[PDB]
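work38.cif (mmCIF, C-alpha atoms) appears below.
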```
data_input
#
loop_
_atom_site.group_PDB
_atom_site.id
_atom_site.type_symbol
_atom_site.label_atom_id
_atom_site.label_comp_id
_atom_site.auth_asym_id
_atom_site.auth_seq_id
_atom_site.Cartn_x
_atom_site.Cartn_y
_atom_site.Cartn_z
ATOM 1 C CA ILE A 1 -5.306 -7.396 -1.107
ATOM 2 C CA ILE A 2 -3.050 -4.444 -1.989
ATOM 3 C CA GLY A 3 0.562 -4.469 -3.161
ATOM 4 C CA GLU A 4 2.629 -6.699 -5.463
ATOM 5 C CA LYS A 5 2.799 -10.373 -6.356
ATOM 6 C CA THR A 6 4.197 -12.432 -3.508
ATOM 7 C CA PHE A 7 7.089 -14.910 -3.564
ATOM 8 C CA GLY A 8 5.165 -18.181 -3.949
ATOM 9 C CA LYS A 9 6.451 -20.795 -1.457
ATOM 10 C CA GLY A 10 3.658 -23.289 -0.813
ATOM 11 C CA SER A 11 5.590 -26.421 0.157
ATOM 12 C CA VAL A 12 6.085 -28.088 3.550
ATOM 13 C CA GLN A 13 8.896 -30.583 4.274
ATOM 14 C CA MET A 14 9.439 -33.352 6.836
ATOM 15 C CA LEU A 15 12.388 -35.294 8.278
ATOM 16 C CA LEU A 16 12.447 -38.734 6.611
ATOM 17 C CA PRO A 17 14.716 -41.426 8.153
ATOM 18 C CA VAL A 18 16.644 -43.306 5.451
ATOM 19 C CA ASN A 19 17.528 -45.964 8.058
ATOM 20 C CA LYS A 20 20.153 -44.675 10.484
ATOM 21 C CA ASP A 21 22.775 -43.522 7.990
ATOM 22 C CA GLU A 22 20.792 -40.961 6.030
ATOM 23 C CA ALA A 23 17.780 -38.713 6.380
ATOM 24 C CA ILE A 24 16.160 -36.640 3.674
ATOM 25 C CA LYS A 25 14.074 -33.484 3.813
ATOM 26 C CA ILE A 26 11.557 -33.409 0.964
ATOM 27 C CA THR A 27 8.188 -31.832 0.360
ATOM 28 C CA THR A 28 5.532 -34.004 2.006
ATOM 29 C CA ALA A 29 2.573 -31.765 1.100
ATOM 30 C CA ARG A 30 1.735 -28.580 -0.804
ATOM 31 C CA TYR A 31 -0.671 -25.776 0.075
ATOM 32 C CA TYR A 32 -3.961 -25.078 -1.713
ATOM 33 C CA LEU A 33 -6.087 -21.963 -1.314
ATOM 34 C CA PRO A 34 -9.827 -21.798 -0.557
ATOM 35 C CA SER A 35 -10.216 -21.068 -4.276
ATOM 36 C CA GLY A 36 -8.508 -24.390 -5.015
ATOM 37 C CA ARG A 37 -5.488 -22.702 -6.594
ATOM 38 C CA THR A 38 -2.024 -23.701 -5.446
ATOM 39 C CA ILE A 39 0.374 -21.213 -3.846
ATOM 40 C CA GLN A 40 3.804 -22.275 -5.097
ATOM 41 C CA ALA A 41 3.524 -21.933 -8.886
ATOM 42 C CA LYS A 42 2.063 -18.420 -8.788
ATOM 43 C CA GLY A 43 1.848 -17.068 -5.227
ATOM 44 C CA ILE A 44 -0.805 -14.400 -4.557
ATOM 45 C CA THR A 45 -1.845 -11.837 -7.143
ATOM 46 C CA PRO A 46 -3.273 -8.793 -5.310
ATOM 47 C CA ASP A 47 -6.546 -7.097 -6.185
ATOM 48 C CA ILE A 48 -4.876 -3.656 -6.326
ATOM 49 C CA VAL A 49 -1.285 -3.327 -7.566
ATOM 50 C CA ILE A 50 0.769 -0.420 -6.184
ATOM 51 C CA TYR A 51 4.589 -0.302 -6.360
ATOM 52 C CA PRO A 52 6.445 1.226 -3.382
ATOM 53 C CA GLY A 53 7.858 4.720 -3.096
ATOM 54 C CA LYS A 54 6.860 8.091 -1.691
ATOM 55 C CA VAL A 55 3.460 9.735 -2.131
ATOM 56 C CA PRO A 56 3.740 12.421 -4.845
ATOM 57 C CA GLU A 57 3.554 16.104 -3.999
ATOM 58 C CA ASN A 58 3.672 18.868 -6.602
ATOM 59 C CA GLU A 59 5.491 20.998 -3.971
ATOM 60 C CA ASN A 60 7.490 18.287 -2.169
ATOM 61 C CA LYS A 61 10.767 20.259 -2.231
ATOM 62 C CA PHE A 62 9.182 23.709 -1.913
ATOM 63 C CA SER A 63 8.019 22.711 1.575
ATOM 64 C CA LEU A 64 11.527 21.324 2.209
ATOM 65 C CA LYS A 65 14.137 23.538 3.858
ATOM 66 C CA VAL A 66 0.937 6.555 15.568
ATOM 67 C CA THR A 67 1.241 6.572 11.748
ATOM 68 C CA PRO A 68 0.745 10.256 10.695
ATOM 69 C CA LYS A 69 2.690 11.705 7.749
ATOM 70 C CA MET A 70 4.549 8.394 7.376
ATOM 71 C CA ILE A 71 1.634 7.583 5.039
ATOM 72 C CA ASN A 72 3.161 10.218 2.757
ATOM 73 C CA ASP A 73 6.486 8.322 2.722
ATOM 74 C CA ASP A 74 4.706 5.046 1.839
ATOM 75 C CA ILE A 75 2.445 5.044 -1.217
ATOM 76 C CA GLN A 76 1.444 1.405 -0.624
ATOM 77 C CA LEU A 77 0.207 2.069 2.922
ATOM 78 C CA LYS A 78 -1.740 5.154 1.855
ATOM 79 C CA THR A 79 -3.642 3.113 -0.752
ATOM 80 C CA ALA A 80 -4.755 0.490 1.785
ATOM 81 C CA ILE A 81 -6.114 3.371 3.856
ATOM 82 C CA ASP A 82 -7.917 4.670 0.759
ATOM 83 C CA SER A 83 -9.596 1.274 0.281
ATOM 84 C CA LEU A 84 -10.678 1.290 3.928
ATOM 85 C CA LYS A 85 -12.157 4.780 3.520
ATOM 86 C CA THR A 86 -14.320 3.685 0.594
ATOM 87 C CA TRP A 87 -15.200 0.479 2.448
ATOM 88 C CA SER A 88 -16.440 2.421 5.471
ATOM 89 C CA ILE A 89 -18.478 4.586 3.070
ATOM 90 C CA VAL A 90 -20.042 1.552 1.362
ATOM 91 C CA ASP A 91 -21.076 0.140 4.739
ATOM 92 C CA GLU A 92 -23.125 3.315 5.202
ATOM 93 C CA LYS A 93 -26.295 1.626 3.999
ATOM 94 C CA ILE B 1 -15.227 11.688 -3.867
ATOM 95 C CA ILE B 2 -11.668 11.406 -5.206
ATOM 96 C CA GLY B 3 -9.342 14.210 -6.217
ATOM 97 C CA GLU B 4 -8.593 17.607 -4.703
ATOM 98 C CA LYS B 5 -10.441 20.186 -2.660
ATOM 99 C CA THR B 6 -12.688 22.113 -5.020
ATOM 100 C CA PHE B 7 -12.996 25.839 -5.705
ATOM 101 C CA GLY B 8 -16.042 26.600 -3.571
ATOM 102 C CA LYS B 9 -18.530 28.493 -5.749
ATOM 103 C CA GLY B 10 -21.803 28.286 -3.839
ATOM 104 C CA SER B 11 -23.137 31.799 -4.450
ATOM 105 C CA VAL B 12 -26.062 33.021 -6.553
ATOM 106 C CA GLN B 13 -26.276 36.566 -7.873
ATOM 107 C CA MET B 14 -29.338 38.450 -9.051
ATOM 108 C CA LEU B 15 -29.994 41.435 -11.303
ATOM 109 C CA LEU B 16 -31.686 44.231 -9.386
ATOM 110 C CA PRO B 17 -33.290 46.613 -11.900
ATOM 111 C CA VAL B 18 -32.706 50.228 -10.861
ATOM 112 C CA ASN B 19 -35.352 51.103 -13.491
ATOM 113 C CA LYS B 20 -33.936 51.066 -17.041
ATOM 114 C CA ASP B 21 -30.806 53.175 -16.461
ATOM 115 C CA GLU B 22 -28.981 50.952 -13.912
ATOM 116 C CA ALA B 23 -28.766 47.370 -12.673
ATOM 117 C CA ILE B 24 -26.645 45.876 -9.917
ATOM 118 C CA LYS B 25 -25.501 42.308 -9.417
ATOM 119 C CA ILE B 26 -25.215 41.135 -5.811
ATOM 120 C CA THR B 27 -25.391 37.725 -4.196
ATOM 121 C CA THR B 28 -29.041 37.166 -3.268
ATOM 122 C CA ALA B 29 -28.765 33.559 -2.037
ATOM 123 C CA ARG B 30 -26.215 30.899 -1.117
ATOM 124 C CA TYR B 31 -26.191 27.173 -1.853
ATOM 125 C CA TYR B 32 -26.452 24.629 0.960
ATOM 126 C CA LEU B 33 -25.780 20.899 0.683
ATOM 127 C CA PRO B 34 -27.973 18.030 1.964
ATOM 128 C CA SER B 35 -25.765 18.076 5.079
ATOM 129 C CA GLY B 36 -26.634 21.744 5.645
ATOM 130 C CA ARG B 37 -23.063 22.968 5.152
ATOM 131 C CA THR B 38 -22.418 25.949 2.892
ATOM 132 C CA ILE B 39 -20.237 25.745 -0.210
ATOM 133 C CA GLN B 40 -18.332 28.985 -0.729
ATOM 134 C CA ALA B 41 -16.516 29.107 2.621
ATOM 135 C CA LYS B 42 -15.024 25.602 2.331
ATOM 136 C CA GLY B 43 -15.909 24.014 -1.026
ATOM 137 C CA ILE B 44 -15.779 20.217 -1.188
ATOM 138 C CA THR B 45 -13.105 18.291 0.642
ATOM 139 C CA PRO B 46 -12.750 14.922 -1.117
ATOM 140 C CA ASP B 47 -12.819 11.615 0.709
ATOM 141 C CA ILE B 48 -9.602 10.547 -1.046
ATOM 142 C CA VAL B 49 -6.980 13.212 -1.763
ATOM 143 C CA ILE B 50 -4.700 12.559 -4.747
ATOM 144 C CA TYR B 51 -2.471 14.972 -6.676
ATOM 145 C CA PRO B 52 -2.478 14.339 -10.440
ATOM 146 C CA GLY B 53 0.382 12.761 -12.326
ATOM 147 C CA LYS B 54 1.642 9.428 -13.587
ATOM 148 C CA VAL B 55 1.498 6.140 -11.667
ATOM 149 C CA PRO B 56 4.969 4.938 -10.582
ATOM 150 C CA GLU B 57 6.062 1.587 -12.016
ATOM 151 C CA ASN B 58 8.810 -1.004 -11.477
ATOM 152 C CA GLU B 59 10.402 -2.096 -14.844
ATOM 153 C CA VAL B 60 -11.931 2.661 -23.957
ATOM 154 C CA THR B 61 -9.653 3.764 -21.087
ATOM 155 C CA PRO B 62 -6.410 1.624 -20.944
ATOM 156 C CA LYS B 63 -2.924 3.194 -20.537
ATOM 157 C CA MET B 64 -4.482 6.556 -19.628
ATOM 158 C CA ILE B 65 -5.004 5.038 -16.171
ATOM 159 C CA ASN B 66 -1.217 5.198 -15.818
ATOM 160 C CA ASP B 67 -1.064 8.759 -17.120
ATOM 161 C CA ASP B 68 -3.877 9.736 -14.719
ATOM 162 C CA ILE B 69 -3.218 8.621 -11.150
ATOM 163 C CA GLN B 70 -6.489 10.209 -10.010
ATOM 164 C CA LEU B 71 -8.479 7.996 -12.386
ATOM 165 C CA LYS B 72 -6.609 4.915 -11.165
ATOM 166 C CA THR B 73 -7.675 5.769 -7.616
ATOM 167 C CA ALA B 74 -11.348 6.267 -8.530
ATOM 168 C CA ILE B 75 -11.357 2.886 -10.252
ATOM 169 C CA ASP B 76 -9.604 1.360 -7.224
ATOM 170 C CA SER B 77 -12.298 2.747 -4.910
ATOM 171 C CA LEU B 78 -14.921 1.100 -7.126
ATOM 172 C CA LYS B 79 -12.966 -2.171 -7.040
ATOM 173 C CA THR B 80 -13.291 -2.404 -3.252
ATOM 174 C CA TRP B 81 -17.026 -1.638 -3.538
ATOM 175 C CA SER B 82 -17.518 -4.620 -5.854
ATOM 176 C CA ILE B 83 -15.754 -6.759 -3.229
ATOM 177 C CA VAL B 84 -18.016 -5.584 -0.385
ATOM 178 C CA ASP B 85 -21.101 -6.285 -2.510
ATOM 179 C CA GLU B 86 -20.057 -9.975 -2.640
ATOM 180 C CA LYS B 87 -22.512 -11.053 0.055
#
```
Output the file's structure as structure tokens, nothing else.
Amino acid sequence: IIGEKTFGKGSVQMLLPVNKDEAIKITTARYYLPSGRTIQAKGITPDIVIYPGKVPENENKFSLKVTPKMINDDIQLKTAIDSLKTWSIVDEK
Amino acid sequence: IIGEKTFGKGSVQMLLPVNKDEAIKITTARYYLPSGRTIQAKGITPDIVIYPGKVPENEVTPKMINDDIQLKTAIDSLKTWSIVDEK
């Protein structure tokens, strides 16, 4: 899991008939992860934190006058690729 | 292998004794990797390319990880290895 902390919305609601005049929507259940932790109080904390932006380049304005090169405009996407590249290396056993 | 492409110094020189008055140094052998490829022509191309610098943010080795983005990547590549080994 790469990126930032998520929003944390782990509730589900349901239409409850208060007779015929009124109806309420309230949380009828909450979500729990395979680890047992709940999702609403905290959300998901990723294994690798990387804030968005462009990929650095010591000569990024010297060079200045299907997912290639776009990886350079997205530092978060390039890191997930980097974790795949080490994963594919580890599976070479 | 994390970082940049290396320099590529895979040559070996040797002193050829022209008696006692002269000696020449010339490359007598080259280095070859376990894959058979030579070193000087290409060097080492890393698996993960990363230029050095600071890690962007959003506002004994702690804090330096932020001042060394290459080190943060090498740790991150270890962190996925520890996940795969969870079998």
Point (-12.4, 14.2, 0.1), cut-off 12 Å, counting all atoms listed in the file, residues as a VMD selection string: (chain A and resid 82 85 to 86 89) or (chain B and resid 1 to 6 42 to 50 74)
Export, as a compact mmCIF listing (two decimals), in the frame of the given file, the selected residues with C-alpha atoms.
```txt
# COMPACT_ATOMS: atom_id res chain seq x y z
CA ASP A 82 -7.92 4.67 0.76
CA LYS A 85 -12.16 4.78 3.52
CA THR A 86 -14.32 3.68 0.59
CA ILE A 89 -18.48 4.59 3.07
CA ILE B 1 -15.23 11.69 -3.87
CA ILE B 2 -11.67 11.41 -5.21
CA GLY B 3 -9.34 14.21 -6.22
CA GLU B 4 -8.59 17.61 -4.70
CA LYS B 5 -10.44 20.19 -2.66
CA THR B 6 -12.69 22.11 -5.02
CA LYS B 42 -15.02 25.60 2.33
CA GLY B 43 -15.91 24.01 -1.03
CA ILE B 44 -15.78 20.22 -1.19
CA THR B 45 -13.10 18.29 0.64
CA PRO B 46 -12.75 14.92 -1.12
CA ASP B 47 -12.82 11.62 0.71
CA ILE B 48 -9.60 10.55 -1.05
CA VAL B 49 -6.98 13.21 -1.76
CA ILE B 50 -4.70 12.56 -4.75
CA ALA B 74 -11.35 6.27 -8.53
```
Set out as a Markdown table a contact list for chain B and chain A with a cut-off of 12 Å, giving each residue of chain B that qualifies its closest atom pair and distance in Å to one decimal, counting only C-alpha atoms, ordered by chain and rising residue number.
```
| residue | atom | partner | partner_atom | distance |
| --- | --- | --- | --- | --- |
| B:1 | CA | A:86 | CA | 9.2 |
| B:2 | CA | A:82 | CA | 9.7 |
| B:3 | CA | A:82 | CA | 11.9 |
| B:46 | CA | A:85 | CA | 11.2 |
| B:47 | CA | A:85 | CA | 7.4 |
| B:48 | CA | A:82 | CA | 6.4 |
| B:49 | CA | A:82 | CA | 9.0 |
| B:50 | CA | A:56 | CA | 8.4 |
| B:51 | CA | A:57 | CA | 6.7 |
| B:52 | CA | A:58 | CA | 8.5 |
| B:53 | CA | A:56 | CA | 8.2 |
| B:54 | CA | A:56 | CA | 9.5 |
| B:55 | CA | A:50 | CA | 8.6 |
| B:56 | CA | A:51 | CA | 6.7 |
| B:57 | CA | A:51 | CA | 6.1 |
| B:58 | CA | A:51 | CA | 6.7 |
| B:59 | CA | A:51 | CA | 10.4 |
| B:66 | CA | A:50 | CA | 11.3 |
| B:69 | CA | A:56 | CA | 10.1 |
| B:70 | CA | A:56 | CA | 11.7 |
| B:72 | CA | A:48 | CA | 10.0 |
| B:73 | CA | A:79 | CA | 8.4 |
| B:74 | CA | A:86 | CA | 9.9 |
| B:75 | CA | A:48 | CA | 10.0 |
| B:76 | CA | A:48 | CA | 7.0 |
| B:77 | CA | A:86 | CA | 5.9 |
| B:78 | CA | A:86 | CA | 8.2 |
| B:79 | CA | A:47 | CA | 8.1 |
| B:80 | CA | A:83 | CA | 6.3 |
| B:81 | CA | A:90 | CA | 6.6 |
| B:82 | CA | A:90 | CA | 9.8 |
| B:83 | CA | A:87 | CA | 9.2 |
| B:84 | CA | A:87 | CA | 7.3 |
| B:85 | CA | A:90 | CA | 8.8 |
```
Hits of the PyMOL selection byres ((chain B and resi 24-27) around 10) in this structure, as an MDAnalysis selection string: chainID B and resid 11:18 22:23 28:30
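Across A:68, A:17, A:3, A:10, the tightest approach to residue 39 (chain A) is made by A:10 when counting only C-alpha atoms.
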Point-to-point distance in Å for CA of residue 6 (chain A) and CA of residue 63 (chain B):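 Atom-to-atom, CA of residue 63 (chain B) to CA of residue 6 (chain A), that is 24.2 Å.
Between CA of residue 38 (chain A) and CA of residue 2 (chain A) lies a distance of 19.6 Å.
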Spatial neighbours of residue 28 (chain A), max dist 10 Å, all atoms listed in the file, sep filter under 3 positions, as a PyMOL selection string: chain A and resi 11-16+25
Rebuild N, CA and C atoms on region 1-18 of chain B, as a JSON list (two decimals), keeping the file's coordinate frame?
```json
[["chain", "number", "residue", "atom", "x", "y", "z"],
["B", 1, "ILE", "N", -15.75, 10.49, -3.22],
["B", 1, "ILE", "CA", -15.23, 11.69, -3.87],
["B", 1, "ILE", "C", -13.70, 11.62, -3.85],
["B", 2, "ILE", "N", -13.11, 11.55, -5.04],
["B", 2, "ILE", "CA", -11.67, 11.41, -5.21],
["B", 2, "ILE", "C", -11.15, 12.64, -5.93],
["B", 3, "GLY", "N", -9.99, 13.12, -5.52],
["B", 3, "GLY", "CA", -9.34, 14.21, -6.22],
["B", 3, "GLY", "C", -8.79, 15.25, -5.27],
["B", 4, "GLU", "N", -9.10, 16.51, -5.51],
["B", 4, "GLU", "CA", -8.59, 17.61, -4.70],
["B", 4, "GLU", "C", -9.76, 18.38, -4.12],
["B", 5, "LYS", "N", -9.44, 19.27, -3.17],
["B", 5, "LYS", "CA", -10.44, 20.19, -2.66],
["B", 5, "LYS", "C", -10.87, 21.10, -3.80],
["B", 6, "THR", "N", -12.16, 21.38, -3.88],
["B", 6, "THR", "CA", -12.69, 22.11, -5.02],
["B", 6, "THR", "C", -12.57, 23.62, -4.80],
["B", 7, "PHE", "N", -13.16, 24.39, -5.72],
["B", 7, "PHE", "CA", -13.00, 25.84, -5.70],
["B", 7, "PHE", "C", -13.90, 26.49, -4.66],
["B", 8, "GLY", "N", -15.13, 26.02, -4.54],
["B", 8, "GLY", "CA", -16.04, 26.60, -3.57],
["B", 8, "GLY", "C", -16.84, 27.75, -4.14],
["B", 9, "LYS", "N", -17.67, 27.48, -5.15],
["B", 9, "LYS", "CA", -18.53, 28.49, -5.75],
["B", 9, "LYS", "C", -19.97, 28.10, -5.44],
["B", 10, "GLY", "N", -20.45, 28.56, -4.28],
["B", 10, "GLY", "CA", -21.80, 28.29, -3.84],
["B", 10, "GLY", "C", -22.64, 29.54, -3.67],
["B", 11, "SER", "N", -22.40, 30.54, -4.51],
["B", 11, "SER", "CA", -23.14, 31.80, -4.45],
["B", 11, "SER", "C", -24.06, 31.93, -5.66],
["B", 12, "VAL", "N", -25.14, 32.68, -5.48],
["B", 12, "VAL", "CA", -26.06, 33.02, -6.55],
["B", 12, "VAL", "C", -26.24, 34.53, -6.55],
["B", 13, "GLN", "N", -26.10, 35.13, -7.72],
["B", 13, "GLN", "CA", -26.28, 36.57, -7.87],
["B", 13, "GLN", "C", -27.61, 36.83, -8.55],
["B", 14, "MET", "N", -28.03, 38.09, -8.53],
["B", 14, "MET", "CA", -29.34, 38.45, -9.05],
["B", 14, "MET", "C", -29.29, 39.88, -9.56],
["B", 15, "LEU", "N", -29.95, 40.12, -10.69],
["B", 15, "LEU", "CA", -29.99, 41.44, -11.30],
["B", 15, "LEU", "C", -31.09, 42.26, -10.65],
["B", 16, "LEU", "N", -30.71, 43.37, -10.03],
["B", 16, "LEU", "CA", -31.69, 44.23, -9.39],
["B", 16, "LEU", "C", -31.91, 45.42, -10.29],
["B", 17, "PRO", "N", -33.08, 45.57, -10.89],
["B", 17, "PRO", "CA", -33.29, 46.61, -11.90],
["B", 17, "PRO", "C", -33.59, 47.96, -11.27],
["B", 18, "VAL", "N", -32.59, 48.84, -11.29],
["B", 18, "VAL", "CA", -32.71, 50.23, -10.86],
["B", 18, "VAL", "C", -33.40, 50.99, -11.99]]
```
